Each structure stands twice: as structure tokens, then as C-alpha cells.
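Scroll down for the structure; my scribbles are underneath it.
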Ligand SMILES: [Ca+2]
Ligand SMILES: [Ca+2]
Ligand SMILES: [Ca+2]
Ligand SMILES: [Ca+2]
Ligand SMILES: [Ca+2]
Ligand SMILES: [Ca+2]
Ligand SMILES: [Ca+2]
Ligand SMILES: [Ca+2]
Ligand SMILES: [Ca+2]
Ligand SMILES: [Ca+2]
Ligand SMILES: [Ca+2]
Ligand SMILES: [Ca+2]
Ligand SMILES: [Cl-]
Ligand SMILES: [Cl-]
Ligand SMILES: [Cl-]
Ligand SMILES: [Cl-]
Ligand SMILES: [Cl-]
Ligand SMILES: [Cl-]
Ligand SMILES: [Cl-]
Ligand SMILES: [Cl-]
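Chains as they are written, first to last, in this note's numbering: chain E, 761 to 923; chain S, 38 to 199; chain Y, 761 to 923; chain P, 761 to 923; chain X, 38 to 199; chain W, 14 to 187; chain C, 14 to 187; chain H, 761 to 923.
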């Protein structure tokens with residue numbers, strides 16, 4: 761029915777934007793160009809649970825800085841980053857695995873996520889997403905990016921105990 | 038996909054009342070008389086949208102004592118005390134010669150979802166029930182009662198409403 | 761399970777404080793002392809869903825408050841107001857309904873609710889409750905009094921669909 | 761100096777919008793269409809101080825609004841309401857007072873104030889004003905409409921002591 | 038120095054009205070009839086303080102149409118429509134046999150400063166004028182109209198008001 | 014007295030969870046995977062005040078991340094971390110210290126704290142705790158984790174001056 | 014049209030202040046005096062979108078702190094910083110680029126931006142700007158510095174999709 | 761008069777607490793014990809102006825970590841830190857210079873500032889100060905610690921332009 765949240769039976773894969781989706785879009789920088797971002801332990805918990813349930817996972821980012829890959833390492837899920845066209849990378853990634861895009865949940869926050877949203881069955885915007893992104897999503901989290909939005913999504917799929 | 042509605046996309050604006058033009062609160066006295074708060078910014082936006090030639094309607098399930106008074110002030114028709122808003126909307130569209138695809142409908146709660154399904158441009162206020170926020174084609178940044186309709190008016194008519 | 765939210769299986773009755781619980785604790789007054797309060801349509805929906813589900817309902821208020829009686833009539837649930845002691849009135853009411861207090865959910869916000877909290881199995885504080893009351897509760901809403909706290913509780917019992 | 765706040769030396773008149781400027785833009789309504797609005801005691805104090813200081817005062821509102829006239833009486837300042845065009849009424853009012861529009865401070869919040877802003881030397885937006893209005897102003901309050909924005913402006917003119 | 042007032046420090050609690058027990062807003066109708074919002078938590082706190090035996094008073098400069106009605110509900114005396122609150126307070130202290138040093142006075146604005154000077158325990162609400170916040174001996178964390186008196190009651194009587 | 018806040022007479026020990034309790038549950042990470050967390054100076058002052066009052070202190074954590082020990086070092090309080098089962102570690106520690114679990118205050122924020130909550134007399138949830146944890150607690154702070162929740166608890170136990178000053182406002186030695 | 018927001022037709026250049034405009038005006042400092050600042054990825058996307066649209070870009074700053082250049086490097090836009098007089102540097106730069114100051118958008122937050130504001134056609138204050146700066150501006154963002162104020166400005170100029178997608182929602186190449 | 765803010769003629773010295781007064785009381789830490797804090801550029805501006813006006817300045821802290829001294833170096837003002845008793849250090853500091861404590865402005869936020877407050881003529885609390893500290897101050901800033909509270913204080917002493 762219209763507006764229904766995704767369930768475990770609806771999806772085979774979870775693809776996550778990084779900055780602004782797993783973070784609050786802020787980046788700490790030094791004079792050398794080193795970057796730091798804040799991630800949320802609740803998201804860690806949610807991602808670990810989704811991973812353990814057998815879902816195919818990906819972090820997808822246009823950002824070249826290795827900080828995204830450092831987070832991906834901690835979470836033990838694949839990362840594709842420094843990609844010019846997010847949507848083309850996503851299309852190719854689905855086709856390499858024979859995954860139906862209709863059974864992909866993709867989480868984003870800004871306008872460079874919109875072409876990905878159009879490709880997949882379950883586009884999800886974090887609460888802090890920009891206007892047109894919030895609208896284009898099939899579901900919207902109540903928790904903002906960097907505050908545990910991915911844990912909230914994990915609870916939709918796996919239930920409140922994250923079983 | 039990443040597009041707010043524009044004046045070229047729509048011929049009608051249909052508005053829920055409680056929780057969309059209000060914050061979903063009702064002030065009550067000892068007799069059970071009811072009062073609600075509306076927003077003057079919404080009034081300004083509604084007047085600009087009406088002046089631009091858009092066909093407008095307020096649609097509500099409440100025997101709302103006050104919605105007819107508000108409609109009268111805004112100089113737009115009202116249909117209220119209806120258990121099937123979607124059928125009322127469909128009937129109104131037919132009577133007005135307006136295609137549902139060209140209707141912007143603004144709501145906040147689960148009883149708006151059947152209306153959302155019928156129209157081209159379902160819009161949720163920021164304070165909408167979680168499922169309604171997702172179901173909408175666009176979502177306002179300001180909540181019901183705080184000028185959500187005023188914000189929609191600027192999407193359609195520009196920041197100066199001109 | 762420690763901290764578990766109540767479900768339909770756990771409760772036979774829902775008893776509600778009024779000011780601060782179904783309202784933000786404010787009262788509009790005129791020169792003659794006439795009182796007006798703000799209630800929430802979402803609470804109205806949640807209360808109707810709980811009533812429709814067959815739960816025995818009650819509003820309890822210490823002072824004779826004609827505004828509470830007006831609200832109760834609208835909600836189609838009984839009210840006991842103008843009573844010496846909320847907790848004793850509640851105890852008598854349970855004994856008469858044949859209802860185990862262990863299966864009563866009572867919602868409150870301030871220290872005058874503590875004797876009721878001690879009597880029932882499922883004391884619930886609204887988010888805006890005072891410190892000691894938040895602690896004394898078995899569950900605490902995320903939504904404050906007058907903002908839809910009762911609708912939240914209704915969602916615990918009946919699901920986010922309210923059925 | 762670019763961006764300087766107005767002082768007593770700069771202005772001969774203070775003209776005030778009502779809804780959204782002296783209020784939070786909300787209107788309480790009943791079934792008969794009777795209207796009620798909330799005004800701020802701090803604004804009352806600020807307005808009395810400006811009036812006492814000898815400044816020529818006026819409230820301007822497009823619609824015939826009996827509530828605005830009640831407020832104006834309390835404040836002991838005149839009101840022009842039920843007028844075709846705010847800006848033309850203002851222009852005529854200035855011409856009659858003998859006051860240079862360059863030395864008029866006008867406070868507003870929405871796009872219907874822009875013609876007035878264009879006419880006067882000191883257009884002032886309340887903090888809660890809409891984007892284009894905040895920009896169009898010569899000064900912007902930090903306090904929103906209905907929260908004491910007029911008292912803030914009175915403090916610019918007379919000091920935080922209001923004298 | 039770093040001490041909130043306790044029951045042993047005071048014999049009286051004197052309360053300003055607008056902006057202290059209210060958010061300083063007034064609702065008006067077309068006739069100029071005035072309505073204000075008070076707080077039930079404040080009511081509970083005031084009742085506990087009164088029950089503990091503290092001598093209490095509301096003091097206001099407003100011909101406030103509604104302050105006498107509120108005082109009547111709270112079962113405490115009121116003095117209002119007074120241009121010199123400080124002299125009213127001094128007179129009341131003399132009549133009550135209460136030493137000003139043992140009075141907790143709660144206010145929010147510059148017209149409270151002369152009262153602040155007379156008493157041992159001047160308290161500003163969080164939303165007080167900037168100078169009044171500094172002038173006070175203690176400052177509440179909650180603003181006027183939001184339960185500032187309820188918060189003071191817990192300083193004097195403990196979190197459970199017992 | 015239902016809902017009463019803990020006082021100095023009620024407790025002999027204060028045991029603290031770390032992430033989400035002394036922090037906002039976020040981690041700052043750099044290009045190379047180094048982790049940083051934000052703690053609060055108010056918490057630090059509260060913890061030192063509790064320690065000076067003679068309460069037995071402890072930070073308890075599940076994870077290997079050495080940042081917790083670094084915080085514990087600065088605070089001069091012991092750590093029990095990298096632990097398989099948190100609650101068992103706590104039960105054993107209580108036994109070994111000769112402290113009755115009924116007189117232990119434990120502060121936490123997440124569902125993995127619930128077994129510790131069940132063990133102790135005074136479970137306390139930070140304002141930002143998971144919904145079920147706020148309910149399960151005997152007391153709930155108003156201030157969230159990383160924002161001075163432990164400083165708030167310290168004021169429940171020691172009063173508004175953290176026992177640094179007496180009534181008349183003079184410096185407390187001891 | 015009084016108060017109108019800038020559009021693509023109004024401007025040929027976008028010049029940005031740094032601290033307080035692309036940041037929240039705070040600096041993170043460590044035990045050894047190293048300085049860090051927080052910038053915003055939304056601003057980064059907005060800036061790149063403006064640059065791709067053919068607007069001449071520039072970051073202008075008074076201070077020697079090299080962090081600004083590091084940001085400018087990542088954004089692929091020139092820096093003019095460590096400058097004695099900001100406004101003179103800007104007037105000269107406009108002249109040298111063949112850009113009329115009336116078609117320059119300058120974003121700032123503090124009183125030292127007022128002379129630049131006077132120079133240009135489209136001075137813009139971030140929401141968090143000093144009170145006099147908010148007044149002096151021709152437009153004021155709703156979002157504060159460091160929170161995506163430049164991303165907001167980018168949406169004024171390019172629309173809600175930042176010109177990455179057309180009406181019908183297809184990818185814009187050019 | 762009661763509650764009056766300090767002026768330039770009232771004071772000869774400004775002594776500043778660090779954590780929570782020039783910061784928001786947060787500290788970023790690594791596994792090695794390195795600390796980072798966030799300071800505000802507005803405070804930098806205000807402190808530079810107070811320094812240039814000829815006031816004797818000090819940053820005073822019980823914190824042993826060198827981060828406080830790094831900030832003091834950037835601001836070019838003396839620091840005394842790692843001090844056991846803040847109040848005793850302050851008393852000694854005043855006496856070494858023959859400064860009257862009545863003409864000292866001291867800014868703080870927490871209970872370890874109270875004995876310093878009692879020593880000086882002009883104790884000032886930042887807006888975010890703890891309850892008893894806000895009360896004990898002679899003046900309270902409107903801006904919280906780490907948000908430009910010292911700039912606000914500088915404006916009291918030197919005027920809005922910080923001349
Ligand atoms: Ca992103
Ligand atoms: Ca509705
Ligand atoms: Ca949608
Ligand atoms: Ca209540
Ligand atoms: Ca509990
Ligand atoms: Ca207006
Ligand atoms: Ca301007
Ligand atoms: Ca008052
Ligand atoms: Ca004081
Ligand atoms: Ca934790
Ligand atoms: Ca700057
Ligand atoms: Ca400090
Ligand atoms: Cl994690
Ligand atoms: Cl209206
Ligand atoms: Cl209802
Ligand atoms: Cl008034
Ligand atoms: Cl009451
Ligand atoms: Cl610390
Ligand atoms: Cl970026
Ligand atoms: Cl600085």
C-alpha cells in the first residue's frame with residue numbers, strides 16, 4: 761500500500777550513501793588536506809545486523825578522500841568511492857551480481873542521490889535530506905543523517921530488537 | 038524526479054484542514070466549544086494562489102465547527118464532515134473538469150493516503166505522520182499551522198509570490 | 761523482558777491523567793476565571809482506536825474540571841474528577857471493572873501521579889514529565905504532553921496503523 | 761555606515777505592521793469566524809517608550825481588523841486598517857505629518873510589506889520574516905514576531921533601559 | 038554563594054505575574070478583552086509551597102483583568118495595578134511581620150529590580166530581561182509560563198515536593 | 014519513595030558505561046581509521062567530585078577501543094573493558110569489592126546495558142538512551158550523553174555545588 | 014524587484030569569505046596548537062555546481078591560516094588570502110577578470126566584510142552573520158555558516174536540483 | 761545600580777576560565793591522551809580588543825592538558841593552568857600586581873569558579889553556566905560558552921564596534 765515501509769521480504773541489497781547519510785555532512789579538515797567525519801555507533805549496530813542477516817551491502821560515494829573507505833573497513837562492508845557518476849556505478853554493480861534494482865534499498869540525502877533513487881525499488885531519504893530528495897524517496901527516516909538513521913532503517917527490515 | 042511543483046504542472050490546490058493548516062491542536066472550553074489556530078502567512082499564500090487562477094478547495098473529515106468560517110474568510114469552497122475524502126475529491130474533480138493528475142493535494146495523516154493515491158502532486162506537511170511523508174511527491178520544510186501553505190505558494194509563485 | 765514496551769496482550773485498561781498528559785499543562789484564563797485548554801487531534805485518534813479495540817478507558821483528575829468532562833464526552837470515555845485521592849478512586853474503579861491493576865496502563869506527568877504509578881502494572885510518563893516521574897514510569901513516551909503522547913502509546917498497543 | 765542600526769537621531773516615525781510583526785502570525789478562530797491573536801507585553805513596553813519619546817507612531821494593516829483597533833487603543837497609537845494599499849496610505853500619512861519618509865522606520869514580515877519597505881528610509885524585518893523580506897530590510901531583529909521584536913527595536917532607539 | 042534557597046532560608050514567596058507565571062503574551066479579542074496562559078505545574082508547586090506554611094503573594098503593576106481570578110484559584114492574596122511594587126512589598130512585609138531578608142521574590146523585568154533590592158532571595162525566571170538575570174541571587178532554568186514556579190518549588194521542597 | 018533520585022546514603026559505587034553515556038555515541042574517524050570521541054569537562058568535574066566523596070568508581074565497556082582507558086586514566090578511575098559479558102563482569106566486581114549490588118549506581122544508554130540494569134539497585138539512563146532503556150531505569154537524566162549527564166547525576170548525589178562549597182559558600186576541604 | 018533573490022542572469026562571479034561563512038566560525042585546536050575547521054559537504058556540492066555552471070569562483074580571506082587554501086584546493090577554486098585590505102583585493106580582482114562588481118555575489122558573516130558588501134552588486138549574509146551584516150546584505154540565507162549556507166545560495170542560482178537534473182528528472186550533461 | 765553591566769571605567773583586569781567559558785565544555789580525545797577543544801573566532805576578536813585597550817589579561821584553568829596554553833599563545837595573553845586551587849592562584853596573582861580584586865572581571869561557568877567569583881568585584885557567568893553559577897554572577901551573558909560569550913563581554917566594556 762502507498763507509503764508502506766520496506767520489509768526483509770522486499771529487498772536483497774542495501775546501498776548506503778556516506779556523507780550526510782551516515783554523517784551530518786560536516787567534515788573536519790587540516791592544512792594538509794586530511795579529513796575527519798563523525799559517524800554514529802547506532803548505525804554501526806544497525807549495519808552489523810543487516811550484514812549478518814545476509815543482505816548484500818555497499819557504501820557508495822563520489823568522494824575521493826579515503827575516510828569513507830576507513831569507515832567501510834570498520835563496518836566490514838564493500839565500498840565503491842571516488843566515482844564520477846554514482847548512478848552509473850550503481851547500475852553496473854547491480855548488473856554484475858544479477859540483482860534486480862527493484863529489490864535494492866538505497867539511502868541518500870542530496871541531489872546527487874536522485875539518479876540512484878530513480879534506479880532502485882526502495883529509495884530512502886534521511887530526515888535531514890534536502891527538499892526534493894525527501895519527496896523523491898519512497899520512505900523517509902525520522903532520525904537525521906549522522907544521528908542513527910541507518911539503525912532506524914535496520915529496525916524496519918529486522919524489527920526493533922534487530923534480530 | 039527532483040522537481041517541486043510549478044504553476045505549469047497544476048490547475049488545482051486542495052487542502053486538508055486540521056494538522057495541515059493547523060498544528061492539530063484544538064482549544065476547548067467547558068461546554069466543549071472548539072477553537073483552532075490558523076496562519077496569516079497561509080492566508081496570504083492562499084490568496085495569491087487563488088488570484089493566479091488556481092481552483093481551490095478545503096477538504097476535511099471533521100464536522101469541524103470552524104472550517105467553514107475559515108473557508109469563508111479565504112473565499113474558497115469547503116467540503117467537511119465526510120468519511121470518504123477520496124470519493125469527495127474524485128466527485129469534485131469531475132464537477133470542476135479538473136484532471137486529478139493536475140491537482141496538488143496537501144495533507145498530514147493516514148486518512149489522506151487515498152487522496153494522495155488519486156492526485157498527481159500529493160504534498161505532505163513537515164509534521165505529517167511518517168508514512169504520509171514518504172507517500173508524498175513533495176514535503177514542506179515548515180509544519181502544519183506554521184505556514185506550510187505559504188511555503189507551497191512560494192514553490193508555485195516564486196519567493197515574492199508574484 | 762526488562763524495559764519492554766507494553767503490547768495489546770499486556771493490558772486491559774488505559775487510564776489517563778489530563779493536564780500535562782493530554783495537554784502541555786497550560787491553561788488559558790479570562791477575568792472571570794473561565795478556563796480553556798488545548799488538546800491534540802492525534803490523541804483523539806489514538807484514544808478512539810484504543811476504545812474501539814475494547815480496552816476499558818478512564819480519565820482521572822483531582823479537581824472538578826468542567827473542561828475535562830467536555831473532552832471526555834468528545835472521546836466517548838468516562839471521567840472521574842472532583843475526587844479526594846486519584847489513587848483510591850483508581851483502586852476502587854479497578855476493583856469494580858474486575859480488572860487486575862497489574863494489567864492497567866496509567867499515563868501521567870507530575871508528582872501527583874506517583875500514588876497511581878505505584879498501584880498499576882504499567883505506569884507511563886509522557887516525555888515532558890518531571891524527573892522523578894520519568895524515572896518512576898515503566899515506559900516513557902518520546903512525544904511530550906499535548907503533542908500526541910497518547911497516540912504514541914496507542915501505537916505501542918495497536919501498531920503504527922492503529923490496527 | 762553600511763548596516764548601522766537606527767538611532768534616535770535617525771528617525772521621526774515608527775510604523776508597524778501587525779500580524780506576524782507584533783504577533784507570531786497565528787489567529788485563533790471560532791465557528792462564527794471571531795478572531796483572537798496573541799500580542800507581547802514587552803512590545804507594549806517598547807511601544808509606550810517610543811511614544812513617550814515623542815516619535816510619531818502608526819499601525820498599518822490592509823484588512824479591516826477589529827482586533828488591531830483594540831490593540832492600537834491599548835497602545836494609545838493610531839491605526840489605519842481597511843485600506844486598498846498599505847504603501848499609498850503610508851505615503852499620504854507621511855505627507856500629512858510633514859515627515860520625510862527617509863526618517864520613517866517601518867517594521868514588517870512578509871511580501872505585502874515590500875512596497876512600504878521601498879518607500880521608507882528604515883525598513884526593518886522581524887527575525888521570523890520571509891527570505892526576501894529579511895534581505896530587503898535595512899535592519900533585521902534577532903527576536904521573531906510576537907516575541908518582543910518591537911521592544912528590541914525600541915532598545916536600538918532608546919537603549920536597553922528604554923531611556 | 039553557590040546555594041539555591043531552601044525552606045530554612047525563607048518565610049515568604051512573592052510572585053510577579055506577567056512574564057513570570059506567564060510567557061508575557063496576552064490573547065486579545067476585538068473588544069480588547071484579554072486572556073493569558075498560566076501553568077498547571079506552577080499551580081501544583083504553589084499549592085505545595087502554601088501547604089508547607091510559606092506566606093505567599095502575587096504582586097503586579099497590571100490592572101490585569103485576570104490576575105485576581107488566578108490568585109483566587111491558587112488561594113493566595115494578590116496586589117495589582119500598583120506603580121510602586123517595591124513600596125507595596127515593603128508595606129506587605131510590615132503587615133505580615135515577615136523580614137524582607139527571608140522573602141523569595143520571583144520576577145522577569147526591570148520593574149522588578151527595586152523589589153530585588155529589598156529582598157534576601159531575588160529570583161529571575163530564565164526568560165528574564167538580561168539585567169534582571171544578573172541582578173537575581175538565583176535563576177530558574179525554565180522560562181516564565183513554562184513552569185518556573187514549579188521549578189522553584191522543587192528547590193524548596195525537593196524533587197517530589199514532599 | 015517511588016521515583017526518588019539517588020542520594021549519597023543510597024549508594025557505595027558508581028559504574029559508568031562509556032560510548033553514548035559519557036559521549037554522544039558518535040566517533041570521529043580520519044582518513045587512516047584513527048578514532049576520536051568527545052567527552053565532557055562537566056562530567057570530568059562530576060566524576061572527580063564523586064571520587065573525592067569516597068564512592069568506588071568504575072568505567073565498564075564491551076569494546077577493545079583504547080580511548081576508554083585513556084579517559085579512565087585522565088579521570089584516575091579503573092576500567093573494566095573489552096569484556097565478553099558486561100553484567101557478569103559487573104556482578105563479579107561487586108562481589109570482589111564487597112559492595113552490595115543494591116547500592117550500586119550504574120549509568121547506561123543502550124539495550125546491551127539492560128542486563129547490568131537488572132543487576133544493580135540504581136540503574137540510570139541518560140536522556141538520549143534507547144527508549145526501552147529510559148523506561149527500565151530507576152532514574153533518567155535530563156541532559157543527554159556527552160552533554161554532561163554524569164555531571165547531572167553528580168549533582169543529585171552531592172547537591173548543586175558538588176560538595177565543593179558548604180551552605181554559607183565556603184570551600185569544603187576534606 | 015525589491016528583495017529578489019539572485020538568479021543565474023544577475024551574476025558572473027561568486028566570491029566567498031571562509032571562517033564563519035563556510036564554517037561555524039569555530040576552530041578545533043590540539044595540545045600543540047594545530048588548527049582544524051569544519052566545512053560542509055553540501056557547500057562543496059553547491060560550489061562545484063556553481064563552478065560547473067561557468068561562474069567565476071573565488072575564496073577571499075584576511076588570515077594566513079593555510080586551511081583555507083587546503084579547502085580551496087579540494088574545491089578546485091582559486092584563493093586570495095593573507096590579505097591586508099580585503100575590499101581592495103576584491104576590487105582589483107574584479108577589474109582583472111573583466112567582471113563588473115555589480116554582477117558579483119559576495120558571501121560574508123562579519124563586520125570586516127562590510128567594505129566588500131559596499132563594493133559588490135549582490136552582498137549575501139549567512140544566517141549566523143553579525144547583526145549589522147545581516148542588515149547590510151541584499152539577501153540573507155536561512156542556513157547558518159558551516160551548516161550549508163553556500164549550498165542554499167547555490168539553490169537560489171541553480172534551482173532545487175542544482176541544475177544536475179532537468180524538469181523531467183533526467184541527468185544534465187553539459 | 762542593581763544589575764548594571766560592567767564598563768571600561770569599572771575594571772583593570774579580565775580573567776577568563778577556559779573549558780565551558782571559551783568552549784562548550786566538550787573535549788575530543790584520542791587513545792594517546794591528546795585533547796582537542798573548539799574555540800570561537802569571535803572570542804578571538806573580543807580578546808584581542810580587550811588586550812589592545814590595555815587591560816591586564818589572564819586565562820586561568822585547573823586543567824593540566826597543554827591545549828589551554830596553546831589557545832593562550834594564539835591569543836597572546838598569559839595563562840596559569842594545572843592549578844589545584846583556582847581561587848588561591850587568583851588571589852596571589854592579584855596581590856603580585858597590586859590589583860584590587862574589586863576591579864577584576866572574572867568569567868566562569870561551573871562550581872569550581874564560585875570561589876573566584878567571591879574574590880572579585882565583577883563575576884560574570886556565561887549563559888550556559890550551571891544553575892548556582894548563573895545566580896552567583898553579577899552579570900550573565902546571553903551567548904553560551906564557545907559561541908562568542910567573550911566577544912559579548914568585550915562589547916560591554918568597549919562598545920559594539922569593539923573600539
Ligand atoms: Ca551525501
Ligand atoms: Ca488532517
Ligand atoms: Ca515520496
Ligand atoms: Ca497532570
Ligand atoms: Ca523506570
Ligand atoms: Ca504581516
Ligand atoms: Ca538588507
Ligand atoms: Ca512581569
Ligand atoms: Ca546574580
Ligand atoms: Ca553505550
Ligand atoms: Ca568571516
Ligand atoms: Ca570551566
Ligand atoms: Cl560503530
Ligand atoms: Cl489569513
Ligand atoms: Cl480530537
Ligand atoms: Cl501590553
Ligand atoms: Cl493550576
Ligand atoms: Cl575532564
Ligand atoms: Cl566537500
Ligand atoms: Cl581566534
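Using N, Cα and C, we set each Cβ at its ideal position, and we do this for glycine too.
What does DSSP give as the partner residues of residue i in its beta bridges?
i             : result
residue 796/P : 788/P
residue 173/C : For residue 173/C, which the question treats as bridged, DSSP gives no partner whatsoever.
residue 883/Y : 866/Y
With DSSP as the reference, label residue i as helix, strand or coil.
i             : result
residue 14/W  : coil
residue 165/S : coil
residue 903/E : coil
residue 72/W  : strand
residue 136/S : coil
residue 774/H : strand
residue 839/E : strand
With distances taken Cα to Cα, identify the nearest neighbour of residue i among the options.
i             : options                    : result
residue 41/S  : 141/C, 181/C, 33/C         : 181/C
residue 780/E : 882/E, 916/E, 872/E        : 872/E
residue 791/H : 28/W, 153/W, 78/W          : 78/W
residue 96/S  : 90/S, 86/S, 126/S, 83/S    : 126/S
residue 93/S  : 111/S, 151/S, 194/S        : 111/S
residue 77/S  : 191/S, 192/S, 183/S        : 183/S
residue 775/P : 867/P, 896/P, 920/P        : 867/P
residue 148/W : 158/W, 187/W, 134/W, 130/W : 130/W
With a CB to CB cut of under 6 Å and the five nearest residues on each side skipped, what residues in its chain are close to residue i?
i             : result
residue 889/H : 869
residue 778/H : 819, 821, 828
residue 857/H : none
residue 87/X  : 93
By Cβ distance, which residues of its chain are closer than 8 Å to residue i, with the 5 residues on each side in sequence left out?
i             : result
residue 178/S : 163, 188
residue 108/W : none
residue 915/P : 806, 922
By Cβ distance, which residues of its chain are closer than 7 Å to residue i, with the 5 residues on each side in sequence left out?
i             : result
residue 135/S : 48, 49, 92
query = Is there contact between the region 40-47 of chain C and the region 767-783 of chain E, where contact requires at least three CB pairs shorter than 8 Å?
reply = Fewer than three beta-carbon pairs drawn from the region 40-47 of chain C and the region 767-783 of chain E are found closer than 8 Å, and the two stretches are therefore not classed as touching.
task = Evaluate contact between the region 65-77 of chain S and the region 776-784 of chain Y, counting only Cβ atoms and requiring at least three cross-stretch pairs below 8 Å.
result = Taking one beta carbon from each stretch, the region 65-77 of chain S and the region 776-784 of chain Y have fewer than 3 pairs nearer than 8 Å; the two do not touch.
query = Between the region 107-123 of chain X and the region 907-921 of chain P, do at least 3 Cβ pairs fall closer than 8 Å?
reply = Segments in contact, no.
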